[PDB]
Number of protein chains: 2
Amino acid sequence: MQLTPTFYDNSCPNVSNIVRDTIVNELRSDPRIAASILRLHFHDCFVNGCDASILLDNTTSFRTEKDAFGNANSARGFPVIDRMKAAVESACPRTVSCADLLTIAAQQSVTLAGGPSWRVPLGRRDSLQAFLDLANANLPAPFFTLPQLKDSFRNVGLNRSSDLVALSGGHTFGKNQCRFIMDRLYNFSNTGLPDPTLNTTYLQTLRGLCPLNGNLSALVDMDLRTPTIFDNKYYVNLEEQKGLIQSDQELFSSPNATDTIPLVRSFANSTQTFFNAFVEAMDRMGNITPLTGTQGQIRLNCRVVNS
Amino acid sequence: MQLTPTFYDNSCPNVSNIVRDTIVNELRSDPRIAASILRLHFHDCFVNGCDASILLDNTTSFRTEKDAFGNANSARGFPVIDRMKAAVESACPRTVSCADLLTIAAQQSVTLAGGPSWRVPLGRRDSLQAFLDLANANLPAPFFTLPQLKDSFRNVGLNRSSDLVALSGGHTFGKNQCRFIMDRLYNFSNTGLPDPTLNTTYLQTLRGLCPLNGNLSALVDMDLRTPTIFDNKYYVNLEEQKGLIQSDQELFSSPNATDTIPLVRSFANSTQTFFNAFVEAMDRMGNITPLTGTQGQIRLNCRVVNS
Ligand code: HEM
Ligand code: HEM
Ligand SMILES: O=C(NO)c1ccccc1
Ligand SMILES: O=C(NO)c1ccccc1
Ligand SMILES: [Ca+2]
Ligand SMILES: [Ca+2]
Ligand SMILES: [Ca+2]
Ligand SMILES: [Ca+2]
């Protein structure tokens with residue numbers, strides 16, 4: 001079955017508003033939640049498709065993806081997801097899947113942060129288990145080279161350069177722990193020297209935030225220009241060699257960036273072009289091997305499989 | 001209202017078995033769960049009493065105690081608690097509180113680990129909010145001195161030396177992160193030397209497990225003799241200066257341990273005496289300012305307050 005943005009127009013016409021309202025309230029106490037939610041959706045889709053497998057808690061039959069390298073002590077916002085599911089179950093019992101809920105939540109998060117507004121295709125159903133080992137192999141790491149980042153995306157069906165460049169624009173807001181950039185700051189590639197593609201003045205600022213013997217869990221803004229606004233500033237930073245993580249800067253400075261540089265230049269100089277591309281890439285990501293029809297179920301509680 | 005072990009004998013006579021069955025199944029995949037659960041009960045009781053406040057997830061009206069120093073990236077087993085609550089709600093809808101469930105789970109965990117078996121007083125109800133700031137002040141820290149550990153316990157009503165010594169016997173099983181003993185190993189009290197009350201041969205073993213530049217999250221066994229069995233070996237270790245954390249060894253080596261040494265000697269040489277004392281101390285802890293009668297509620301989902 002093909003996903004359609006009209007899937008709940010009859011069964012639960014107000015699911016979008018309920019989702020938006022929940023995030024709006026949460027943003028008041030946690031300005032970072034919008035970024036956290038968009039990330040949860042991405043990590044859901046890259047492991048067996050957008051099937052809400054990442055939302056399952058540990059059981060005796062399978063381990064949670066929340067323990068995966070990249071998720072463990074990093075991914076957050078789960079209780080917030082619980083809140084909107086409860087509110088939706090009240091208005092539309094056993095109607096909206098967690099997989100779709102997380103998808104709408106990601107879109108609303110982007111819009112609420114100043115990004116584009118669009119209707120996401122719906123109709124996905126929830127998985128009956130979690131895939132930890134798969135998550136440990138499918139999620140891209142910040143130390144990956146450009147070709148490696150390309151392989152990671154192609155591995156799940158996003159084989160276009162625009163997919164990688166556009167979706168990476170998700171780093172236009174949100175935070176990153178010092179631990180993931182320590183090497184770029186003090187000893188890159190076993191050279192004992194910092195990453196040469198990192199702007200020197202910016203290097204001083206980062207070293208101040210992430211000292212050699214400091215807290216590795218200390219958080220830094222992904223986008224130094226507009227830390228909480230979803231815009232195209234992420235690309236301007238790359239042109240100035242101010243991409244925070246290795247995977248960010250490689251989009252512009254890697255020797256294999258022949259095909260990505262033009263997209264960065266384009267996105268850095270046109271919000272419309274970037275927004276159009278981001279929406280297209282997002283819908284493509286949301287279409288990775290979804291469970292539909294009678295496959296999977298409509299979870300009542302996103303943390304556990306239905307009895 | 002006074003707590004009574006017969007509280008559910010009519011309303012939900014099989015709650016004990018349902019709780020035991022859940023832990024037995026979990027132990028198969030996670031041998032540490034018994035220790036984790038007993039600890040969750042202790043951290044519940046020390047903050048506003050055993051009211052299941054520690055089980056509440058973050059909300060926009062109050063912050064979760066799961067973020068407290070001592071709980072954050074340390075406390076675990078929450079999904080397991082979710083599992084037994086679901087099973088109990090199926091057999092006895094809206095009957096057993098999370099506060100009581102966590103209490104029975106703690107007792108069964110001790111028994112299943114080889115400890116004593118007894119009927120816990122019941123009748124507690126669930127809180128309507130969590131107390132993070134209170135948790136940050138009420139939970140004892142591993143770097144506390146003997147008098148400080150005594151003040152911490154007296155602060156919640158456990159003003160007897162036996163309470164401190166007996167309950168500390170909970171370290172007869174379970175794990176501890178390297179981060180909490182690094183100072184005893186390499187630089188105790190700003191002296192640049194290890195803790196003199198730590199056995200030197202054991203110090204070598206620990207330094208091997210917790211290297212100066214190693215993983216601070218690496219886990220070490222609390223009891224080097226019988227790491228997973230609930231017995232009195234914890235006290236024998238203290239006599240040999242092999243207590244893992246500072247608060248452990250101080251029970252035997254502190255200059256203020258005049259009143260605790262005799263209890264340690266006694267408990268180290270008689271399982272019966274220790275078990276009797278542990279059960280008495282546990283029931284006293286389980287009686288810290290409970291919510292009863294019409295106070296609080298019977299939570300349907302331990303993570304959230306009833307609508
Ligand atoms: C190209 C490969 C990617 C890599 C290697 C990567 C790596 C990372 C790293 C290291 C962090 C910080 C984690 C932490 O400090 O706990 C992070 C955060 C984030 N990423 Fe990515 N990421 C990638 C792609 C994406 C994509 C495609 C999106 C979504 C469109 C995304 C959205 C986010 C957001 C919004 C945050 C901040 C989350 C928060 O603050 O809670 N990332 N990413
Ligand atoms: C006297 C003050 C106490 C201090 C300062 C203290 C401190 C600690 C520390 C540092 C850990 C390791 C945490 C980690 O590595 O994440 C721990 C674990 C543990 N504690 Fe205590 N504790 C105390 C009292 C108690 C009491 C009274 C009980 C319950 C009767 C208890 C039961 C446990 C258990 C079973 C574990 C292991 C948990 C697991 O492996 O998941 N503790 N404690
Ligand atoms: O966000 C990640 N992958 O998308 C990630 C984060 C840190 C370590 C490994 C992977
Ligand atoms: O277990 C604790 N308190 O009981 C604890 C653990 C580490 C740091 C602070 C407190
Ligand atoms: Ca998934
Ligand atoms: Ca931005
Ligand atoms: Ca409590
Ligand atoms: Ca033992």
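Protein chains get the first letters and strands the later ones, always in sequence-line order, with residue 1 at the start of each. Side-chain atoms are counted along with the backbone in the values below, which use heavy atoms only and exclude waters and symmetry mates.
Nearest heavy atom pair, residue B:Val88 against residue B:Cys12, reads CG1-SG, 4.4 Å. Residues B:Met182 and B:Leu212 share a closest heavy-atom pair of CE-O, 4.0 Å.
When heavy atoms are compared at a cutoff of 4.5 Å, A:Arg28 does not approach chain B at all. Heavy-atom distances place the side chain of B:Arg303, and not its backbone, under 4.5 Å from chain A.
A:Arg76 CZ: more than 12 foreign heavy atoms inside a 6.0 Å radius.
Within the 4.5 Å cutoff, side-chain heavy atoms of B:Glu26 are placed close to those of A:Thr60.
Listed options A:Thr59, A:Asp30, A:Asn301, A:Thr64 were ranked by heavy-atom pairs under 4.5 angstrom with chain B; first place goes to A:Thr59.
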